[PDB]
Every structure is written in C-alpha cells, then in structure tokens.
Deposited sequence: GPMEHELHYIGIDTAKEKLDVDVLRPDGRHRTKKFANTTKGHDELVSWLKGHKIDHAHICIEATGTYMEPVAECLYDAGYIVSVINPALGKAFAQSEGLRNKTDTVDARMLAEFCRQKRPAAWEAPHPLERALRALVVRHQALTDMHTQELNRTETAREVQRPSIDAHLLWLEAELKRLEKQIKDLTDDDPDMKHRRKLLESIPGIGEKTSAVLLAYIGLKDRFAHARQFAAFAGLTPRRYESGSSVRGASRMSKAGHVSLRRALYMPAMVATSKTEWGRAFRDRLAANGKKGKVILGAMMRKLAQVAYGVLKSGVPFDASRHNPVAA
C-alpha cells in the first residue's frame, strides 16, 4: 500500500496525478497558493491516501512551498533534477509534451526509479546560500560598471563612479552579514576556520563552500562533492552548480602559483605535459575534494598528506 504521486508545478497552478496501487490514476488541478496546498492535502486524505511517495521536478522556487507542505503533511517528497524527467519522458516514448502528460510522467518516474528522499535544508544553510548568491550577483554588477570606466565618456563617469561606490559599500555590508551569520553558529564558525586553513582558500571561498557543503556531512565521498560541482571529467562534465564551480577558479591559480602544495601539484602535471587551464581544472577538482576532506577530518589542513 503505497501511492505514487506526481506534481507538475507552474507559477499559478499545480497539476497532480496519483497512481494507485491497483494501477488506476486520479488527477486534480490546484492553485499554487497556501490555500490550494491545504486543498491538496485534504483531497489526498479525502481519497484515504496516508502513505505516498511524491515526485516533483525542481522548477525554480515555485515547488519549494508545496514540497515542504507535503513533507510536513507526512509524505515522502523527492525533488528531482528536471533533466532526469526530460530523459525519462523520452525513454517512456512520449511524443507530445503537455502539463497533464508531465504530471502522469512524474508519477511513473516515482514508481520505477524510487528516487532518494528530499530533505528541506536548515534555516542557516538556506540563509547562507541566499547571501552568498546575492554576493555573486553584486560582484557581477560591480564588474559590469568597472569594465565601463575603461571606455566611459566624461559625462557618463560621474554616474558610473557613484554606482561603484554604492556597490562596493553593499558588497562589504553583505560580507559582514555573512561573517555575522557564521560567527553566531558555533558549528559554522569552526567549519569555516578549517576551510580557511587550506592554502588557496580565503574568506570569500570559505563562505561559498559552506553554502554548498552544509552543516552536516551530506556527501559520503570526496569525489561525490567534486562531481556535484561539475568538476569530475566526462573534458569536464560541467554538470553541477555553476556558482560553486566559478568560485574555485581564482583559488586554483593562487594555489598553483603561490603555495608549496599547489606548485607541487602543478609541476607534477606539467611534467606529464598538461596545458595551463587543464592544470587549473584539475586543481579546482582537487580543492573541492580537499575542502570536503578537511571538514570530515575535523582538523586543520596538513600539507604532509599531499
């Protein structure tokens, strides 16, 4: 006795499809609102559905309320990468693509694949990643305006210089807001110190790594976390968080250039005859693994191991 539910999410609506143990489908549309989420739970209890595994494609942040609602209702929620769903639909031989089809396709995804259960991240983890991605957003905007000074007309410059001062201030404000967040929590304070002990990783990179690694050891292996960033070869897969991947490139250079263990790594690969960026790609992968390793070890970085 286990139902398999599939929810295709939109901004406004929720298309739901319940696959019963007998094999027949029940479907109903709902509003993607706090009210319409309570309507969904009531409609499941209406049909006497107590145990169910619910599958839902990671679709912006429109699925996040209902995923947490159904988790709290006491169901098994799985939030799948939508690339998998796309591939599954093709494997299921489906020609047309509609919302009703997708909700059914997700129900069958749930039954066949039996995906891993989804856990809502800790409030601190959610806060930290929010600040970190906001910080990258301002940096990008600061870089836009900093490029413009190069070829700016003299009537444009007062505006550009003014904007740069604002952006530089706001950037510092967040950096403190981040520091306050990690310093308050005893665990994050300690874990961040461990990351900064790695030569090549500083204030900025340590925050990014904590945002994606989290409080607890959610990864079982170092190579898993490296793969999660899209750093493991397939050429690099690039099948992982781009914000995590981009944050490691400049750490990789200062490591391979101005550290002992970095130059040691650089020279070894240089000997075998690797190009500059190939070595950097490799060092990005290594920094990721070492970062996860240092945290699980729970003791400062030790160069002797490398």
item: Deposited positions without coordinates, collected into consecutive stretches in sequence order; value: 1-5, 240-251, 324-328
